[PDB]
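Working notes, structure below.
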Amino acid sequence: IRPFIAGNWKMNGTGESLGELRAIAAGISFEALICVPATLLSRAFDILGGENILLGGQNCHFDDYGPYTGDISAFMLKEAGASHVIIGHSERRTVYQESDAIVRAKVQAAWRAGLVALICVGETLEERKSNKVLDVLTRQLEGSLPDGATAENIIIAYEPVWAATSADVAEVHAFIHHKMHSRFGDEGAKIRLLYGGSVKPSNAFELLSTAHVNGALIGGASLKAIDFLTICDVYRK
Amino acid sequence: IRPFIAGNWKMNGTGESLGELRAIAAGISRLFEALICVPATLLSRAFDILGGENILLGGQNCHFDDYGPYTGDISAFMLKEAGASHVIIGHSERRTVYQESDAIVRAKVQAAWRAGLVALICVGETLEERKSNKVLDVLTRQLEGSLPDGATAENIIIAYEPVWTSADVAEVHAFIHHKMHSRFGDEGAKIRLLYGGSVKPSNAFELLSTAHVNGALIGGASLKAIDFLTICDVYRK
């Protein structure tokens, strides 16, 4: 499986940030993806569109178009230059009450538009404390993933919302990998599984060396090229 | 009071739509101001073609924070830097689906001001609220809670959405105008009040000539220049 390093800028980035984005790209010139705010996507594509780095969005709506003030369609992301979109991030599941059925509908829209969906799952502190980690993941993986998923059209990120040790991560990733084989067979075994908890240059070697971790979904350490590229450099070792 | 015609494209518009946006701008290019609020993905490209023109450009929502760990959200600073001067906040499509409270709306308005945006704040009652004869009670609460201290005729515009006639509209807009004078004094009497129910070329003269109606927030009829410009033409008569 080809490793995949995804950065999520979250609610950071304007035209002033394009230099930094170029620096991330030039450091790549594994696969790498940066997911920028929707306001910046077209301008990011204008400078990076040819280059090695992949460009993504951070959420999309379930419909192709329509009366949804303040929402962005998968088609809008695609036309602005995204190839990938994060869907079901913990920051949204909570605040925007995105249920697994809502997440599945968003994934289906992403595919209609030709995007790869980077689907996030993960249990809360109360859920882990209740000894419900595998029950939550069983439900979220089933409900969030539409029928028709392939190793080409989805990538999964595990977020330990409750926080994680590399043993904790190994246990979860093995569980998720078995789930993908159970539902999607041999092709399911090729679905990339990213660790999406705290990933920093200081813990990247240990986390990315872990069985069934096929990359990372990196938040704050994706905002500066020096951090992001130092994490990417682990694959040299 | 100078009249103000705002179009809300909602979740419609890509690069392919830039010709139609230009057609709107050229049709405006004396007695009123015009604003088009495009999806966040399109804003920078809209500014690139229209930034030196008469049309105002806006966004459709913003977050409460300046920046931060808010996947899929757009800050007021991002809108401003991409070329917006205005932002729609508290539209009924979001108050319902995303449970945007009056407190949440207030915090968004405050962010808009920090970034130097004019906040186009939407209020309005549900069908159930209208059926229960609670319209004025709901507007009293929404107007108090949604507007921060510090509002001026320069930094806010209010749109009334009957979420649920000219007599209905005159009564409501009179009430809203009086509430603005009550809280903000003489300056409050200068806050523009837009009607934002179904505004079409066929009802525009009657609606826009109503006392205390200072313009409109137009949805579907803003998607095509022919419809939008026909509504604007009312100020020539």
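Chain letters run A, B, ... following the sequence lines, proteins first, then strands; residues in each count from 1.
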Let me confirm one number: the CG-CZ distance from A:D71 to B:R94, rounded to the nearest 0.5 Å. 5.5 Å

Ranked by heavy-atom pairs below 4.5 Å to chain B, first place among A:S73, A:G57, A:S90, A:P67 goes to A:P67

So OG1 of A:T69 and CG of B:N8: to nearest 0.5 Å the spacing works out to 4.0 Å

If you count heavy atoms of other groups shown closer than 6.0 angstrom to CD of B:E16, is the number above 12? yes

In terms of heavy-atom contacts, B:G15 and A:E79 come closest through N-OE1, 3.0 Å

Out of curiosity, A:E98 CD to B:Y98 OH, how far, rounded to the nearest 0.5 Å? 7.5 Å

Please determine whether the number of non-hydrogen atoms from other residues, nucleotides or ligands lying under 6.0 Å from atom NZ of A:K179 exceeds 12. yes

Between A:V95, A:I72, A:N59, which shows the greatest number of heavy-atom pairs under 4.5 Å with chain B? A:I72

Spatial distance of atom CG (A:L77) from atom OG1 (B:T41) [nearest 0.5 Å]: 6.5 Å

Looking only at B:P39, B:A84, B:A82, most heavy-atom pairs under 4.5 Å shared with chain A are made by B:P39

So which part of B:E93 gets closer than 4.5 Å to some heavy atom of chain A, the side chain, the backbone, both or neither? side chain

Relative to chain A, which segment of B:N12 carries a heavy atom at a distance below 4.5 Å: side chain, backbone, both, or neither? both

Taking atom CH2 of B:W9 and atom OH of A:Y65, what is their separation to the nearest 0.5 Å? 15.0 Å

Closest heavy-atom pair and its distance - B:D65, A:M11: O-CE, 3.3 Å

Distance in Å, B:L43 CG paired with A:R43 CZ, rounded so as to fall on 0.5 Å steps: 8.0 Å

